[PDB]
Amino acid sequence: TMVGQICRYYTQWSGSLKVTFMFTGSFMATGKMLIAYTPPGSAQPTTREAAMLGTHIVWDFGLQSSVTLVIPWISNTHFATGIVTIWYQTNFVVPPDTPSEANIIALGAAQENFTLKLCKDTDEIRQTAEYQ
Amino acid sequence: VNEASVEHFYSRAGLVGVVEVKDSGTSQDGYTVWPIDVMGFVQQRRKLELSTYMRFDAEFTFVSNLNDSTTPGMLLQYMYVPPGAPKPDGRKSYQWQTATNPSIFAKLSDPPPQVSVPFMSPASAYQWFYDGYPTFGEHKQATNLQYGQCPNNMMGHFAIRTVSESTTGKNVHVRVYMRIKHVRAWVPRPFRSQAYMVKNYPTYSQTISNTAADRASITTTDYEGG
Amino acid sequence: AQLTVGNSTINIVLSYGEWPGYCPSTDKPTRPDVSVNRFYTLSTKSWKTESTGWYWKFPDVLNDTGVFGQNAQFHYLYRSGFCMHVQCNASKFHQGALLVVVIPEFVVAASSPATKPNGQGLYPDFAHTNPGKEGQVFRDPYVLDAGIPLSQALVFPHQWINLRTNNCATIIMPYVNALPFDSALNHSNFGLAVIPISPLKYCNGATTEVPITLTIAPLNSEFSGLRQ
Amino acid sequence: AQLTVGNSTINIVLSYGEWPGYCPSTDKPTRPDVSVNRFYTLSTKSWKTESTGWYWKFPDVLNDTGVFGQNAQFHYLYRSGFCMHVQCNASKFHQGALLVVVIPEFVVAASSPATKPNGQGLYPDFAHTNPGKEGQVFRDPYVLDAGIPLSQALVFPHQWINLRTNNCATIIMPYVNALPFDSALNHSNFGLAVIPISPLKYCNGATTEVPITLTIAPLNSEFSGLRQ
């Protein structure tokens with residue numbers, strides 16, 4: 001993401017993120033997924049019924065192609081944080097003569113209250129070769 | 001439009017149960033208790049099960065005579081044992097006296113006795129459909145006995161004796177007629193479509209009686225009916 | 001095109017024309033509001049050709065589930081309604097019809113095994129009386145596992161799901177009882193029956209299982225007598 | 001349900017929130033208006049399973065085409081924007097997604113052939129730098145034939161084509177440069193990349209090729225220094 005590259009030039013950040021999903025399957029396909037968010041200090045939900053509990057959105061392929069999930073109150077300050085799991089709620093329903101396998105695309109971005117501080121230099125560009 | 005009211009549909013006192021006070025044969029202990037079931041006969045059992053909840057007052061009438069139809073001026077005692085009291089163990093039992101235990105002394109020669117019972121349930125209405133279990137008794141292994149039974153529907157008892165020290169040689173036949181009055185009902189049900197088996201439980205058999213009749217083909221209406 | 005209550009995301013038949021309220025001050029209970037008021041989406045039933053149906057018992061289905069299930073098995077008294085939403089995800093090439101019906105005081109029955117004088121006690125086991133979250137399958141859907149016929153079940157609050165027409169159904173059920181409060185563990189107030197009246201049919205190369213989905217929201221819940 | 005400009009027939013993303021105008025009297029050019037302002041519908045790209053993508057260079061694609069191409073290769077200075085409309089004709093049974101993105105100053109790069117000290121000059125040929133009307137195919141779409149990653153290409157003006165959702169996309173691009181006027185032949189201001197993010201998939205007995213179509217309209221063009 002652009003957020004993940006642009007927050008690696010800074011030491012500390014805080015704010016909210018949003019994560020959008022987009023379903024690329026065929027127009028005739030239907031189904032439901034369960035998109036759950038797990039707050040910090042908790043482990044990954046073991047089963048769907050554990051994830052069915054709070055902070056989830058059940059998302060139908062037929063009705064909407066896209067859906068959005070907001071992540072509150074993120075901060076890195078230190079020295080398990082957050083987990084988003086996607087569960088099959090029902091099954092993937094398909095008519096005849098249409099593909100049975102589809103794809104989902106995950107988008108993400110900061111929101112208005114996101115902030116950055118204490119600019120540092122990134123570690124991705126190291127590139128020990130001196131010819132550059 | 002008035003003849004279709006639930007007030008009119010539940011009216012017109014019918015025969016609830018018959019009971020026989022036996023002084024004659026091997027028995028020779030004159031008295032009987034009677035539960036006041038109201039569902040005893042299968043045909044009124046349907047009409048009451050039309051609704052889920054019912055609230056009504058009852059009016060009981062006692063028609064009594066001998067084996068042959070005769071009325072030789074005996075005295076009887078109609079003891080109404082309300083819910084939560086004990087029941088006479090015998091004809092001379094101390095519980096026939098008491099108080100708070102209404103009695104009717106009427107001679108056979110008289111007109112039949114007539115009494116009204118108010119609405120006695122702890123809840124706000126009677127219910128003959130109760131899902132779940134009345135109590136916590138449970139570590140059951142598998143024992144399903146008490147499912148569906150509700151304590152709240154018990155109305156009284158009637159105990160009748162011949163009011164005689166020595167044993168009479170007469171058998172008295174008592175017919176009980178009850179008239180539902182001031183009736184309200186809630187949550188209509190469908191009519192029972194199968195044959196009843198047990199009195200208190202809604203159990204049916206594995207040979208399923210069809211709801212409608214049969215005919216030859218879906219097109220022709222010719223013979224019999226359909 | 002969506003609606004959310006209490007970090008839970010996801011026409012209407014109003015049972016007996018009355019909207020569930022609270023009881024008055026008479027005639028100090030605890031009102032959780034949106035903590036226990038949310039959408040519980042339970043598991044998914046695969047509907048097949050030659051499937052008889054399913055049923056639930058509503059104070060019962062949530063006894064083991066989540067926060068509502070905590071309060072239920074610890075407070076002594078219970079009152080609430082429910083908003084129940086049954087969705088079916090199918091394709092324009094599937095056909096069939098579902099009858100969704102809310103049966104107050106639905107009392108399961110047992111069937112006598114053919115030849116027998118049939119006087120002995122027969123009785124539904126605890127699995128059939130309290131199916132839990134998984135629901136229970138009709139062995140005989142034509143009589144509704146009771147004496148009443150299916151064809152007259154339409155007298156109860158109901159709605160049709162016809163796959164060619166709408167695929168969703170929503171029933172709001174007020175609290176119905178003979179008492180103001182009652183026991184959530186022992187007593188079951190009603191149940192849903194999802195019955196495939198017209199069977200399911202499709203052609204080769206399509207999806208066999210069609211996923212019926214059930215989502216239930218408590219409404220105006222209140223509790224009394226909290227134990228440990 | 002159609003619109004026409006200059007005997008040419010045939011939601012909107014406005015790049016950087018600015019509508020293309022003319023430059024002021026400062027800071028005598030010729031303004032052709034509807035003569036060169038019309039819809040140029042170039043050829044059609046068949047999109048397949050296992051297709052990487054395509055790209056164009058917009059002052060370049062029209063250099064050989066029509067009236068705009070005449071003025072371009074004869075006037076010395078050039079300025080204009082573009083209204084670019086990408087359509088995809090597919091069926092409700094096809095699935096896939098296209099990312100249409102406008103990259104300002106898109107500069108193609110060359111890849112070093114695996115093992116080599118890699119100090120020698122490598123350089124894209126003239127076919128890849130000026131693909132012409134036929135466009136050019138990405139050899140490596142994941143890096144956009146440059147160093148930048150595809151996943152961040154969304155920072156440019158873009159739009160999604162999701163076959164189950166809308167099949168069309170329209171991007172209006174104002175004139176962007178460091179100079180008021182520039183050379184249409186040498187300098188390429190931007191380019192479109194049509195990249196199949198989610199691949200194309202269908203079932204046997206359907207149409208293999210799905211015809212991506214590109215239609216581009218110059219906007220507020222102006223020229224200077226006309227030669228023979």
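Residues numbered from 1 in each chain as written, not as in the entry; some residues may be left out. Chains lettered and ligands numbered in written order. Part of a larger assembly, values for the part shown. Heavy atoms only, no water.

The name given to chain B in the PDB entry is Capsid protein VP1, with Coxsackievirus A6 as the source organism. For this entry, the PDB title field holds "Cryo-EM Structure of CVA6 VLP".

As recorded in the PDB entry, chain A goes by Capsid protein VP3 and comes from Coxsackievirus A6.

1. What about the interface of chain C and chain B?
On the chain B side, the residues contacting the 41 residues of chain C number 34 residues. Carbon and sulfur atoms supply 58% of the area that chain C and chain B bury against each other, a total of about 3400 Å² over both sides. For the pair chain C and chain B, the interface holds 1 salt bridge. Ionic pairing is found between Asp131(B) and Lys57(C), a salt bridge with its closest N-O pair at 2.9 Å. Here chain C and chain B share 20 residue pairs in polar contact between them. The residue inventory of the side of chain C that touches chain B, partitioned by class, reads 23 nonpolar, 12 polar and 6 charged. Relative to strand 6 (residues 111-112) of chain C, strand 10 (residues 204-205) of chain B is paired through 2 bridges, and the arrangement is parallel. Note on strand 6 of chain C: the bridge partner recorded for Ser205(B) is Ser112(C). (Contact = heavy atoms within 4.5 Å. Buried area = accessible area lost by both parts, 1.4 Å probe. Salt bridge = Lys/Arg side-chain N within 4 Å of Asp/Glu carboxyl O. Polar contact = N/O pair within 3.5 Å; in protein donor to acceptor, adjacent residues only side chain to side chain. Nonpolar A, V, L, I, M, F, W, Y, C, P; charged D, E, K, R; others polar. Pairing = 2+ DSSP bridges. Helix = DSSP H or I, 4+ residues; strand = E, 2+ residues; numbered from the N terminus.)

2. Quick word on unusual backbone geometry
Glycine aside, a negative phi is what most residues show, and trans is what most peptide bonds show. For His182(B), which is not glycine, the phi torsion reads 60° and is therefore positive. Its place among the elements puts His182(B) in strand 9 (residues 171-186). On the accessibility criterion, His182(B) (57% relative accessible area) is exposed. A positive phi angle, close to 65°, is found at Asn118(D), a residue other than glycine. As for its placement among the helices and strands, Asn118(D) is situated in the loop between strand 5 (97-104) and helix 3 (126-129). (Buried < 20%, exposed > 50% of the residue type's maximum accessible area, 1.4 Å probe, protein only.)

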